[PDB]
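Below is one structure; the comments refer to it alone.
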Amino acid sequence: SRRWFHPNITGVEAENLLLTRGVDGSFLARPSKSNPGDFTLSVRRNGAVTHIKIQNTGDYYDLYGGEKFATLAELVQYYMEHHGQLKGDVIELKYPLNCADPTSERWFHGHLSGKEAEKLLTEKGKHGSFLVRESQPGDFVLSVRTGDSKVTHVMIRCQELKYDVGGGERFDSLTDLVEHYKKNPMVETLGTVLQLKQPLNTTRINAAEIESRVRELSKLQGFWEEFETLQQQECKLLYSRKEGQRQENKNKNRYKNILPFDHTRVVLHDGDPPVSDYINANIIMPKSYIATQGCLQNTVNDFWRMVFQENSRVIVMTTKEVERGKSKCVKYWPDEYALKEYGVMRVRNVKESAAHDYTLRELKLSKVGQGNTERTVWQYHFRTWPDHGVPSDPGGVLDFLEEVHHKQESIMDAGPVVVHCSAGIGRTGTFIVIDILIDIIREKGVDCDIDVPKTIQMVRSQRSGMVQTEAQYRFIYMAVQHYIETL
Ligand SMILES: Cn1c(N2CCC(C)(N)CC2)nc2[nH]nc(-c3cccc(Cl)c3Cl)c2c1=O
C-alpha cells in the first residue's frame with residue numbers, strides 16, 4: 001500500500017484534503033509543482049498543515065530536517081515506526097491519507113477505445129491479462145482475457161463518486177474495486193471465471209522499435225507516467241535489512257537508513273578470529289554485479305575482502321571522491337606505482353590511463369603471505385557524471401560500458417563486476433540496468449524484447465531504490481536508443 005502518494009495534486013488541494021478528510025497525524029506525499037524532481041510530505045498537526053520538502057538529485061531521497069532514504073516507502077515506513085524522529089516540534093506520521101486516482105496503476109489505460117484495447121489483449125495478452133479504460137461517458141471498462149481464448153468487457157459505472165459493476169458493492173476508488181475482483185473473481189453464468197491475474201504488459205518493446213517508443217514516451221510526459229507507475233510498485237519491495245541495523249554494523253553504513261537487503265547482501269567469510277561478515281553491498285543477478293556504497297575510511301579493508309572473495313576483476317567507480325565539497329567515496333586504491341596493505345589484502349597500482357570521460361587503473365590484488373593469490377583488478381573510474389541529474393548525451397557512458405564489458409569478457413572465471421557511487425543506488429542502478437539491457441541486445445541482437453521497468457523492478461528486489469530519478473529513467477531509454485542506432 002503506497003496510497004499515501006498522490007501524483008496529480010497541488011499543495012492547496014493537499015491542504016484542503018488533510019483539513020477536511022484528515023485528522024491530526026494525517027499525512028500524504030506528492031510530487032512538487034513549484035520545482036519538478038522534488039517531493040512534498042504534507043502532515044496535519046494541531047489543526048494546521050506542515051509542508052516538508054523532499055529532494056532527489058539522483059543519489060537518495062533527502063527529507064528536510066530528517067534522514068536520507070532509498071525510497072519514499074522506506075522513508076514513510078521509518079517515520080511510522082520511529083516517532084519523535086521528525087522535526088523544534090515533533091511531527092508524527094500516524095494516518096496515511098489515501099489517493100483514489102488510478103493514474104499510477106499498471107492496469108489503468110485512461111483514453112483507449114474498445115477495438116484498440118481488444119487489439120492489445122489479443123496481441124499482447126494471456127490468461128488473466130486485464131486493463132481498465134475510460135468509456136465510450138465518465139464511466140469505465142474492465143477488459144479481461146481468458147483461455148490458454150476470449151475477451152470480456154465488464155462495465156464500471158461511476159455513480160456519486162462510487163464505483164460498481166452493476167450490482168453488489170460500491171467502491172470509493174477504481175483500485176478498491178480492482179483489488180476486490182482480484183481476490184473474489186466475477187463468475188459468468190456459464191462458468192467463466194474472470195481472473196485478474198496480471199495487468200496487460202504494454203512496456204515490453206521490440207529492440208528495433210525503441211525510437212518509436214521513445215518518441216511516444218516523449219509526448220504529453222509519457223516518461224513521467226511510466227516511471228511513477230514503477231515507483232507505485234516499490235511497496236512490494238520492503239524486504240528485511242536487519243544485518244545493516246545491528247549496532248556493530250551501524251558505522252559501516254555511509255547513510256544509516258540506506259541498507260542492503262539481507263537475502264542478497266554480500267556475506268564476508270574472511271573472518272578475523274566478532275562481526276566481520278558485513279558490507280553495505282548486494283549481489284545483482286540479471287554476468288553478475290555487486291552494488292555497493294562508496295567506502296568509508298573504516299570500510300576500505302572490507303571492500304578489498306569483498307573484491308577478493310568474489311573473484312571480481314573489474315570495479316566501476318561512478319563518482320569523483322569529492323563532490324560539492326562533500327566526501328562521496330574515500331580513496332581505497334594506492335597512488336600510481338605505489339603498493340599498500342589494507343589489512344590482510346595488498347594492492348599495487350601498476351598503471352593509470354586517462355581517457356576523456358574516465359580513468360583506468362590497473363591494480364594487482366593479493367592476500368598478504370600468499371603470492372599465488374595475485375590477480376589483476378581493473379578499476380574504471382568514470383569522472384564526467386554531473387553533480388546533479390544526468391549527462392545530456394549517453395555516448396560517453398556507452399563507450400565506457402562497452403570497454404568495461406570487453407575487459408570482463410576477456411577474463412576467464414571473473415567474478416561479479418563491482419559497481420559503486422555514494423549510497424550505491426542511483427548512478428549504480430543506472431549503470432547496471434543499461435548494462436543489463438545492452439547485454440540482451442548483444443546476444444539476441446536487434447530482434448529481441450526489452451522491458452525497461454520490468455528490468456528496474458527486478459534489480460530493485462535485490463537492492464533498495466536502484467535507479468533513483470525520472471531523469472535516470474529517461475537516460476536508460478536514451479542510452480539503449482543510442483546503442484541500437486550506432487550498431
Ligand atoms: C502497463 N505499465 C505501465 N503503463 C500502463 C498504463 C499507462 C498508459 N497509464 C502508463 C504506462 N507503466 C508501468 N510502469 N512500470 C510498469 C511495470 C512493468 C513491468 C513490471 C513492473 Cl513491476 C512494473 Cl511496475 C508499468 C506497466 O506495467
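Lettering and numbering for the C-alpha cells are positional, with chains as A, B, ... in the shown order, residues counted from 1 in each chain, and ligands counted from 1 in the shown order.
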
Exercise. Given a cut-off of 9 Å, what residues near ligand 1 show up using only C-alpha atoms and all ligand atoms, put as a PyMOL selection string?
Worked result: chain A and resi 102-111+131-132+199-204+222-234+236+451-458

For this session: Quick one: pick out all strand (DSSP E) residues within region 244-285 of chain A from a backbone DSSP run and write them as an NGL selection string.
Result: :A and (281-284)

Could you write out that same residue set with N, CA, C and O atoms as an mmCIF file, in the first residue's frame?
```
data_model
loop_
_atom_site.group_PDB
_atom_site.id
_atom_site.type_symbol
_atom_site.label_atom_id
_atom_site.label_comp_id
_atom_site.auth_asym_id
_atom_site.auth_seq_id
_atom_site.Cartn_x
_atom_site.Cartn_y
_atom_site.Cartn_z
ATOM 1 N N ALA A 281 26.639 -3.812 0.618
ATOM 2 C CA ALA A 281 26.797 -4.312 -0.723
ATOM 3 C C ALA A 281 25.789 -5.413 -0.966
ATOM 4 O O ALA A 281 25.481 -6.179 -0.050
ATOM 5 N N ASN A 282 25.282 -5.500 -2.199
ATOM 6 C CA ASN A 282 24.340 -6.552 -2.605
ATOM 7 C C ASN A 282 24.764 -7.186 -3.932
ATOM 8 O O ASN A 282 25.322 -6.502 -4.774
ATOM 9 N N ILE A 283 24.482 -8.489 -4.113
ATOM 10 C CA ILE A 283 24.669 -9.222 -5.377
ATOM 11 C C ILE A 283 23.516 -8.833 -6.302
ATOM 12 O O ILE A 283 22.345 -8.917 -5.906
ATOM 13 N N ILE A 284 23.836 -8.430 -7.539
ATOM 14 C CA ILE A 284 22.777 -8.119 -8.507
ATOM 15 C C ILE A 284 22.816 -9.140 -9.680
ATOM 16 O O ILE A 284 23.741 -9.124 -10.489
#
```

For this session: Return as number ranges by chain the full set of residues in region 100-293 of chain A whose backbone-based DSSP assignment is helix (DSSP H, G or I).
Result: A: 114-123, 174-183, 207-217, 222-231, 234-236, 242-245, 250-252

For this session: Skip residue 474 (chain A) itself and residues of its chain fewer than 3 positions away, then list as a VMD selection string all residues within 12 Å of it, counting only C-alpha atoms.
Result: chain A and resid 213 to 215 217 to 218 221 to 227 389 to 394 430 434 452 to 453 467 to 471 477 to 481

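One finds CA of residue 419 (chain A) at 10.6 Å from CA of residue 288 (chain A).
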
Exercise. Hey, can you check how far CA of residue 280 (chain A) sits from CA of residue 375 (chain A)?
Worked result: 23.7 Å

For this session: Would you kindly return, as a list in words, each protein, DNA or RNA residue with an atom no farther than 12 Å from any atom of residue 485 (chain A), considering only C-alpha atoms and excluding same-chain residues fewer than 6 positions away?
Result: residues 207, 208, 209, 210, 211, 395, 441, 446, 478 and 479 of chain A

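Residue nearest residue 172 (chain A) within the list A:100, A:144, A:345, A:235: A:100 [criterion: smallest interatomic distance, only C-alpha atoms].
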
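Proximity of A:354, A:196, A:484, A:418 to residue 128 (chain A), computed with only C-alpha atoms, is greatest for A:196.
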
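Across A:327, A:42, A:366, A:276, the tightest approach to residue 313 (chain A) is made by A:366 when counting only C-alpha atoms.
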
For this session: Please provide the set of residues having any atom within 9 Å of region 240-246 of chain A, restricted to only C-alpha atoms, with same-chain residues fewer than 4 positions apart removed, written as a list in words.
Result: residues 250, 252, 253, 256, 257, 258, 259, 260, 261, 262, 263, 278, 279 and 280 of chain A

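If you look at CA of residue 75 (chain A) and CA of residue 421 (chain A), they are 20.8 Å away from each other.
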
For this session: Within 12 Å of residue 114 (chain A), counting only C-alpha atoms, which residues show up once you throw out same-chain ones fewer than 6 positions away? Write them as a ChimeraX atom specification, please.
Result: /A:120-122,131-136,140-144,151-155

Problem set entry | Within 8 Å of residue 300 (chain A) using only C-alpha atoms, minus same-chain residues under 3 positions, as an MDAnalysis selection string | chainID A and resid 295:297 303:304 330 332 342

Exercise. So, counting only C-alpha atoms, which residue among A:399, A:24, A:352, A:413 is closest to residue 287 (chain A)?
Worked result: A:413

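For the residues A:59, A:67, A:277, A:101, ranking by smallest atom-to-atom distance to residue 5 (chain A) using only C-alpha atoms places A:101 first.
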